[PDB]
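Note: hydrogens, waters and symmetry copies are ignored here, and every other heavy atom, side chains too, is used. Both ligands and their constituent atoms are indexed starting at 1 by order of listing. To find a chain, count down the sequence lines: A is the first, B the second, and so on, and within it residues start at 1.
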Amino acid sequence: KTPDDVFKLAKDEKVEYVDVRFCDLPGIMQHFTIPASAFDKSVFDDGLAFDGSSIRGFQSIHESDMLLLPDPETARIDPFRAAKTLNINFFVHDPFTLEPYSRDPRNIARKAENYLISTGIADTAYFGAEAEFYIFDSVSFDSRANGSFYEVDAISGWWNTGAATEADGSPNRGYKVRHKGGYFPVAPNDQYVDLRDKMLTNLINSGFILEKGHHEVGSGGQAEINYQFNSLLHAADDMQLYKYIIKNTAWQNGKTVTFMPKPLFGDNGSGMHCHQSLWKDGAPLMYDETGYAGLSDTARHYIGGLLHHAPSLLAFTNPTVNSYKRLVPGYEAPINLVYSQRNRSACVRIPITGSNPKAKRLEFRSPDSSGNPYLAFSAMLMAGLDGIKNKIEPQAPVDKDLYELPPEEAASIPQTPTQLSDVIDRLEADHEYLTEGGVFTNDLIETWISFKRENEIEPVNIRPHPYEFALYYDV
Amino acid sequence: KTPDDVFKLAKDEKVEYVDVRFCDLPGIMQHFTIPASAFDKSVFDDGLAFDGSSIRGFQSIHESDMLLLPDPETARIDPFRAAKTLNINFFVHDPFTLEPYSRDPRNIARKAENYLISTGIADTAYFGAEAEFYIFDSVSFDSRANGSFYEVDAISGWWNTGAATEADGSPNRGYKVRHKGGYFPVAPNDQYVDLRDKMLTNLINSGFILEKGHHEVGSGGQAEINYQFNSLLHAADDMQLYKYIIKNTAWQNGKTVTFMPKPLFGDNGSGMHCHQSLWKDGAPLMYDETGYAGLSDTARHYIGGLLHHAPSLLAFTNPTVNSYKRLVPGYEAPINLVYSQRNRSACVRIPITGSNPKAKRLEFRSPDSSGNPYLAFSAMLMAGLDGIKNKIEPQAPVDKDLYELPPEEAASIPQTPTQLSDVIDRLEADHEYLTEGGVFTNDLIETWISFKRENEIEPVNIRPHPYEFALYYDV
Amino acid sequence: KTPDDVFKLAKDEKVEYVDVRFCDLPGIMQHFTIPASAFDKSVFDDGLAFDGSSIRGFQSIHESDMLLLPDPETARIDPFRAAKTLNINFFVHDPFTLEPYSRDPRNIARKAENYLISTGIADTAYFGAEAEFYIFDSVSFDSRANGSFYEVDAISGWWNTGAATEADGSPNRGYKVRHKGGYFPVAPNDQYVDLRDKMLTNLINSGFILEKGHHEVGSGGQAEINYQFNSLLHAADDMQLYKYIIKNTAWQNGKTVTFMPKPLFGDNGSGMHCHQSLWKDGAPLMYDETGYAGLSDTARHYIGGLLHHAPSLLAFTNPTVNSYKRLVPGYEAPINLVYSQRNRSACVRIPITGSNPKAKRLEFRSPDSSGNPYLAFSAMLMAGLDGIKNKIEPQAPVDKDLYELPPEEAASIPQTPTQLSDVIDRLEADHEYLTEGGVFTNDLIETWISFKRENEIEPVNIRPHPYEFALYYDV
Amino acid sequence: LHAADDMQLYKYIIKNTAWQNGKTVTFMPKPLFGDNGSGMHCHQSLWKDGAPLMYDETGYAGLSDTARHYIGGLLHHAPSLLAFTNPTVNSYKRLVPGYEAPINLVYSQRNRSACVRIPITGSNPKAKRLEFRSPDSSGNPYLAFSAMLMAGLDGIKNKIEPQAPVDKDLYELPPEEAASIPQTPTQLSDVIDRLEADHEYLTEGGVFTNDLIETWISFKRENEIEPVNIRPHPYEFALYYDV
Ligand SMILES: CCCCNc1c(-c2ccc(OCC(=O)O)cc2)nc2ccc(Br)cn12
Ligand SMILES: CCCCNc1c(-c2ccc(OCC(=O)O)cc2)nc2ccc(Br)cn12
Ligand SMILES: CCCCNc1c(-c2ccc(OCC(=O)O)cc2)nc2ccc(Br)cn12
Ligand SMILES: CCCCNc1c(-c2ccc(OCC(=O)O)cc2)nc2ccc(Br)cn12
Ligand SMILES: C[S@](=O)(CC[C@H](N)C(=O)O)=NP(=O)(O)O
Ligand SMILES: C[S@](=O)(CC[C@H](N)C(=O)O)=NP(=O)(O)O
Ligand SMILES: C[S@](=O)(CC[C@H](N)C(=O)O)=NP(=O)(O)O
Ligand SMILES: C[S@](=O)(CC[C@H](N)C(=O)O)=NP(=O)(O)O
Ligand SMILES: [Cl-]
Ligand SMILES: [Cl-]
Ligand SMILES: [Cl-]
Ligand SMILES: [Cl-]
Ligand SMILES: [Mg+2]
Ligand SMILES: [Mg+2]
Ligand SMILES: [Mg+2]
Ligand SMILES: [Mg+2]
Ligand SMILES: [Mg+2]
Ligand SMILES: [Mg+2]
Ligand SMILES: [Mg+2]
Ligand SMILES: [Mg+2]
Ligand SMILES: [Mg+2]
Ligand SMILES: [Mg+2]
Ligand SMILES: [Mg+2]
Ligand SMILES: [Mg+2]
Ligand SMILES: [Mg+2]
Ligand SMILES: [Mg+2]
């Protein structure tokens, strides 16, 4: 789409307001609103200003002003606002030089796409993502000198089977979801069919191409909705809008959604599986009839890159402390760095898609939805490209239940990282693959390490955990 | 606009009531209502009476009667009243001589504009204002012999993360705003989108030219809406009308708004930044390609005047005891008398606007919304004009995060005043720049000093602060 | 008294524990307990260690170890502890050189007495103090992001005349104390006769020579108990023990005492009037039958010193933010700097004592109990001695109600400081009178200033006051 | 041994005196966030033939070579020794700056921010000692005291020189200065990993045996480290619910 397309949409829809959006470093979309009357060619030619110092990972206070220029391909009508609103994503630019900003996540994605072309390896990188989430009824939490707590709740949570009444006083009618039992019985066991239909419809009406929706494994309202894959930048923009549409459809219907990796102890985490494939000149590159799981050398070496670089790569794909509570055995998330066809205990699964070369792809199952998809997709691509360039051979696939390996076989397989501080430490020590062609710059990597250490790792580390009192009060 | 235009508007809108408004000295608009049937030429010819002894800063009881003459430019339909009402601002006049009143804030702004033109320096002073505010749910407070309290509350306040239910008993659904984290994530973190759209719509339907609206930095529903700049008197009239529309939009939708400078301890205050520029014969005066931050000699001298006179000027721009709780480090409000491009820790920031001479301006960040915009804007202009007349050179810009200076280096730059009594004392001792051209008169200045001492400074000073019990109960 | 006298007291009283006490810089006594078996000659010869970095105004963490040596004159049996305990005060010493510590308040008092002797002016400075206090039932307070409160309560408090029941559910029986009506009606209006008797008895049994006890002016249980004057250091040790006996007699009897200067708004504060006189070779120096109020030149000049140095001296005599809430008119506390016989509105009153030269003395009415009496009494003495030495003539006595002076007359009389930051600034600017003879050192004065700014002034200044909500919520 | 028997009985007496009087006592290293943790500082000295060994008037802080080398052993072996002296997950919540507990491996006279403080005891040779400030009460005093002894004795035997004392507030050092000093361990799993890799000083003379060391490592991993690691922390909801 072009600027005039967007002006025509706004006029055609009788839009009242335009919501100007961009991505902060950690991965939350930021916005402000302008009236339809202020949305003119000047928005495209000169841009709009904001306080870069109030956005995480961006500017210091004395260098605060930043600029925004619109991306007309991202213009969509907002399904929630009573006053008719057009949402458009923007790129962040330096207000003096007008150059793209080194810490604009959307810029990283753009650079990644252009670096791919420049290598000659492929022209298009397709990302099909599965961002699971929980549909809860309530959450509360706090952290004080003498105590701390959290509690999430959901009508369908198995912890409520014994409740005398529901939250609102109405009767307990049963049909709650057993732990690991939500994938995927029919209603009334599935208590969220109507709400997910609203989610699906809102996505459809926002121009998503829908594939499917279902309850997921977790008790207390785990869900998954799939939309069609796209090329990297478009997929990442799609992910951000999807999260917005999911969260607000829930909110408007009395619920509260979370995309955090592991809100429930002892039930499935929420992943962001990323199906990936490279194409060049309109043809697939991932397929070879004679390869293990029908994979070409290009595909196998991409995988080699992901599994080789995982120790630093997870800093962008699994970027929170809570991420590492999901990387534990028994919940269809990864615990080690192996690939395998058909295998949901693996780090990379090769889904069964038959002999169609155009369907052949890898599913990187490690990532979760707790950070920034622009950065995560870009980092995954760079890992895979370094694998191809250096012909990195992944270790032999292991077609077994990886949670039930004998202790000795498990010992020779590199494990997933234990905690965020290890991946940040590793990113700091080796990130040359990310800086290739300037896709990630040193200031971005240094800002990310610093942000994670100061705002996440240390704040969790210094606070006593509730289970420490269960273990140690009586020492 | 003319009287006949106003009568036609009232006729065309089928107005039932006319609301007669004027400003008290501290800065609250005052009103009474007349029926449409009493709104005739006589209102314009002879005016309307009120009790000047019931208005703060006005008359003594034995000289009570005062007169009001309408300003037809200010006629606007009221958005809130069920009975269709037309609002009009009035100037206050002596009921014997019919001369403008020396303590009518609207008269001061009139006088300021005429004085500007008389100096030959410029013919127009443009003021663009950013009046931030909090959208709360409730407030309570008292002061007794043996105790005193206040509490503000907001569903989005971070202090409520641990709440078991919301005030109405419905579940806690999270997405509350972190302290200093409100600028500006998408919904549902931003819980006020629909309400701010209603504010924007009401402003647009009252004739404002809107620029933008967003959540601000503060937890608990801080917000900002910007409308287009105008010349001084119009801008001050807009400001008063804006406060009224914001407040009542909030009220009609179950909320309560404050424009107080510092309602929350440890989170952002609410400022009233005033972007200012001088024009003459339809051409800008602020721009010089060769100057630091693109500023002309005229612009620099105006800044020199603001920062030179700040010690007394703040008596009008930062006119409350609570004003000085905002002027503390770490919250994008000023703590010293520095100007600097791009710098949200400075007293005067030069926004980055490029090489367009018509956009070049200064942002005076010290002011807040706690007083009287007619007086604030007028005092700012008088300081600026004194700076120009005396060629007052500002001290060199300091392009640093001003909150992070070590103490010995912080001390080398002039600090903002600590408390209201200091700025009132200073105004008392030095105010000649304000009395130039008779813009502010001695009786205005003395009334202001006396009012603030007797009704604000002393009442706060004699009341034990709750934190004194924290410090001293056990002495 | 000697070490052997203390060992015999401990033996005779069958003491089980000894409580080692010393004074921190702000004025709170500190303690730890040793078993009687560890109270031996070594305590007198080698001293005892503590963590100087955990005591306010003392050491940094890398120079933390300090020493304590006993003062056998201060040994008394503790009235409250079930296990028979002997309390003894200690002097603080450098653990390397064993020299007295320059920030030990008990050392400052010591140094003040010896300085006095070294001048030849006198050999003894007597201090008779009247430390008023409130006997409350309860107190709570807090300070949060969105709110702050305090409340004190007392059965006799006038704010309770309308209570349907007492705190414990029993009936409201009336006879509550009117504001400013507590001095001093008979029971049952006085609801604390039996408790003040217990206070009197505990004091007597701890070796005080009692003079009187009574209800004071304030509602909600204001009280005063007076014991016989003593020379400076003894007087200061007595004050500290008195505060301890008062607070713990109340506590053991279900009440809670504060010595804060102004716990109630609109009722009397709590002062610490300090009657003072200089003697030499067993003869008085303050008397002259021909002077105004029978005052000698020595006495007049001492008064001169007090009133001249007041603007910095109150940094030690009136050392808290709350102090300045008491220094307001209408409550028998001072509001300006004069002396006057018989006059309870004055800063220095000469009590009516007749022709007895041995009774002649001044009452400095300004001081309160919110700080450190070692420092307070020492600073007063150094001011008076500077006055004697430089023959500072006080301005003429004003024998009138100083709250009710006409405006002209009042403005010709220097006022008391308005606030703590003003007296701290003044102390920083002029403290030579205090450093005379090394009695106060620069490190003490610097630590005091720094402590008050960082730990009291700034913390109150940054917190919104509840009355700011009353004034400004609706701005 | 008497000291470790004393410690166990003391804890029993404190806990039960509290309990019989309506209260409840904990010896856990960090029950309050943003206030002081609870340490178990261990003052230590070696004597032979009824004579003290720690004193030398001419040494820094009046310390002999034998004392200095004992300190060398403590600071050198600290990365593994803390498995016995700081043996719980909660231990590492205490080892954070601002609360008079150690954050790096230095000795210093008079210094409550250091790992080893030398208390000021004047010139009496029988009072001269070191205070090892890192340990807490969350484990086993028999094993902690024994492990500290074995560390110090290894220091004496190999004459391990400690790095020079730093007589400064160790929480406030400039970054370049701070980065040049070895830090205390961050978490239990780091000290357990380190103990597993190097425990020879402890097995000397068969004081600690391999079966005790291996049982300790396995106990901590299975019953403490892994159970806390797999449970979401409340503050993760504060940080991440809205991601
Ligand atoms: C034009 C690009 C097709 C990409 N292939 C592809 C497909 C796909 C599936 C079936 C297809 O069959 C149609 C055909 O070619 O006959 C073609 C493509 N599905 C995914 C999912 C994730 C990802 Br990543 C790639 N995917
Ligand atoms: C006609 C008066 C234009 C004043 N300039 C001006 C503008 C402005 C911004 C852009 C402009 O570009 C249009 C043009 O001249 O090409 C012109 C003017 N924005 C502000 C905001 C606050 C204040 Br104060 C002044 N502002
Ligand atoms: C031996 C010293 C007597 C000091 N005089 C003195 C007295 C006093 C009062 C009455 C006296 O009469 C006894 C006599 O000498 O006949 C003697 C002394 N009362 C106070 C109160 C506060 C202060 Br300060 C001094 N006071
Ligand atoms: C007989 C053994 C004396 C040990 N010295 C010693 C002492 C001590 C303190 C003072 C002493 O003085 C008595 C003397 O010898 O004159 C003697 C010994 N205090 C401690 C505390 C912890 C530790 Br570990 C050792 N301590
Ligand atoms: C059923 S599952 O294997 C569950 C994945 C799990 N929630 C995870 O943490 O990755 N997902 P899918 O079948 O959609 O790939
Ligand atoms: C984000 S901020 O810098 C916040 C200003 C702050 N509330 C104050 O002036 O106190 N304002 P803006 O970017 O609108 O000028
Ligand atoms: C009755 S009063 O004058 C009251 C003094 C007041 N409470 C003060 O604040 O100084 N005291 P006194 O008669 O005991 O000297
Ligand atoms: C006052 S302190 O330094 C406090 C020690 C702190 N609780 C710690 O965690 O080691 N203890 P001590 O002076 O008893 O050695
Ligand atoms: Cl971590
Ligand atoms: Cl003030
Ligand atoms: Cl103050
Ligand atoms: Cl651990
Ligand atoms: Mg799926
Ligand atoms: Mg799934
Ligand atoms: Mg495209
Ligand atoms: Mg999948
Ligand atoms: Mg703004
Ligand atoms: Mg703003
Ligand atoms: Mg006009
Ligand atoms: Mg601004
Ligand atoms: Mg008295
Ligand atoms: Mg009294
Ligand atoms: Mg004596
Ligand atoms: Mg008195
Ligand atoms: Mg024995
Ligand atoms: Mg110790």
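B:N322 places none of its side-chain heavy atoms less than 4.5 Å from the side chain of B:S370. With a 4.5 Å cut-off on side-chain heavy atoms, A:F50 and B:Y183 count as touching. Within the 4.5 Å cutoff, no side-chain heavy atoms of B:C347 are placed close to those of B:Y339.
Residue-to-ligand polar distances place A:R326 within reach of ligand 5: an N/O pair is separated by less than 3.5 Å. Here's the thing with A:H214: none of its N/O atoms is less than 3.5 angstrom from an N/O atom of ligand 5. Checked by distance only, ligand 6 and B:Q222 stay at 3.5 Å or farther apart across all their nitrogen or oxygen atoms. Residue B:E132 places at least one N or O, backbone or side chain, under 3.5 Å from an N or O of ligand 6. Residue A:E332 has at least one N or O atom closer than 3.5 Å to an N or O atom of ligand 5. An N or O contact shorter than 3.5 Å is missing between A:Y183 and ligand 5 by distance. Considering backbone and side-chain N/O atoms, A:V217 never comes within less than 3.5 Å of an N/O atom of ligand 5.
Residue B:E363 approaches ligand 6 through these ligand atoms, each under 4.0 Å from one of its heavy atoms: 15 (O). Under a 4.0 Å criterion applied to the non-hydrogen atoms of B:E224, ligand 6 contributes the atoms 14 (O). Interface of A:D51 with ligand 6, defined as ligand atoms under 4.0 Å from a residue heavy atom, comprises 1 (C), 3 (O), 13 (O). For ligand 6, the atoms lying closer than 4.0 Å to a non-hydrogen atom of B:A333 are 10 (O).
Checked by atom type, the side-chain pair A:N318/A:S366 shows a donor-acceptor distance below 3.5 Å. Defined by atom type and a distance below 3.5 Å, a donor-acceptor pair is missing between the side-chain atoms of B:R344 and A:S53.
Counting protein heavy atoms only, atom 12 (P) of ligand 6 is closest to B:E130 OE1, 3.5 Å. If you check which protein heavy atom lies closest to atom 9 (O) of ligand 6, you get B:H273 NE2, 2.7 Å. Annotation: atom 3 (O) of ligand 5 to nearest protein heavy atom, A:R365 NH2, 2.9 Å.
Ligand 6 lies less than 4.0 angstrom from a heavy atom belonging to B:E216.
A:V177 approaches A:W158 most closely through the heavy-atom pair O-CB, 3.4 Å. In terms of heavy atoms, B:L314 sits closest to B:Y324 at O-OH, 3.4 Å.
Here the OH-NE2 distance, from A:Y192 to A:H215, works out to 6.0 Å after rounding to the nearest 0.5 Å.
A salt bridge (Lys or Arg N to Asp or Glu O under 4.0 Å) with B:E363 holds for exactly one of B:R365, B:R361, B:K360; it is B:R365.
For atom 13 (O) of ligand 5, the choice among A:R344, A:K262, A:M272, A:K212 with the nearest heavy atom turns out to be A:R344.
Ion pairing of A:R196 with A:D190 is present here, as a side-chain N (NZ or NE/NH1/NH2) and a carboxylate O approach within less than 4.0 Å. Ion pairing between a basic and an acidic side chain is recognised when a charged N comes within 4.0 Å of a carboxylate O; C:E468 and B:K325 show such pairing.
Contacts of B:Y331 with ligand 6, taken as heavy-atom pairs under 4.0 Å, involve the backbone alone.
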